[PDB]
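Just one chain follows, in the form deposited in one PDB entry, and it is written as structure tokens.
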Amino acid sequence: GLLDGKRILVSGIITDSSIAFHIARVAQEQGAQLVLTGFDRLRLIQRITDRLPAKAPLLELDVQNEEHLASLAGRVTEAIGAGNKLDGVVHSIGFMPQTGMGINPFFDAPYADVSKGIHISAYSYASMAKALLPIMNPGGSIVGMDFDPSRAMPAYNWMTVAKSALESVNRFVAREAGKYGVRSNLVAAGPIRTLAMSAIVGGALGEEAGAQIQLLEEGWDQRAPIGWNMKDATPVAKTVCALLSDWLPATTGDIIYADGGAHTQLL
């Protein structure tokens, strides 16, 4: 296995179409031993993760909760056994209140809503690194999920701002993680049809937003020299595993694009 022998924490599973679900599956398929973290709906998450090809302890983590973060490393050591450390950490967490996205005008998102989304989507990447670096091995790897924010786009609005912040946060985390011999990188994925995304295409955030996202997705597949399949999260999961492995040992504070190559093409 690509990840034979590695212990890896994976956050952000909420359904079987979560990107993190597929990351965890591929990791296990490749020999990794996992510990999982979940937010709020733990009974639901345990039931969902029963389907992973191997068993994995599930810990609760609300990244807005300072007590969960304070105790996190202790709980992970319990789950993996004293004297053992993590080789990998996957941050697959994101959220923006509805007022910060969709047909709600960009200017009408209240700061308290934006702030919550930046807290969960960007700041928390630093939070998790802080909690977990003290229990990671040299040669370890932290990975977060990015959506390319270098240009503005319809509908995504404040979530795109949050991703811009996350990319900057990642460059600082690399500085800190480096002292532990640990790498920190983001994977910028193409659009993937998770439950939330389908809901949005379905009009959950307004009809104009839905039309624009659908148009965004189609342009993506068209631009990608190898195509893009929004229904298949597997190529994204493999890329995260590549970064978790020993095969990109000199890459840190960086962004790997798993997007079909769409971002390298104009038309």
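By rigid core we mean the largest C-alpha set that fits within 1.5 Å across both forms. The numbering used is simple: start at 1 and walk along the sequence shown.
Just so you know, the form deposited in another entry exists too; it's not on screen, but the next bit is about it.
Just one residue from the list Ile226, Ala70, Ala54, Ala204 crosses the 2 Å line for C-alpha shift between the shown form and the other one on a rigid core fit, and it is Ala204. Relative to the superposed rigid core, the position of the CA of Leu42 differs between the shown form and the other one by less than 2 Å. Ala242 shows a C-alpha shift below 2 Å between the shown form and the other one [criterion: core-superposed Cα displacement of 2 Å]. Shown in the overlay between the shown form and the other one, fitted on the rigid core, is a CA shift at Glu217 of 2 Å or greater. In the other entry, the Cα atoms of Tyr111 and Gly210 sit 3 Å or more farther from each other than they do here.
Wider separation of the C-alpha atoms of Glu208 and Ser150, by 3 angstroms or more, is seen in the other entry than in the present form.
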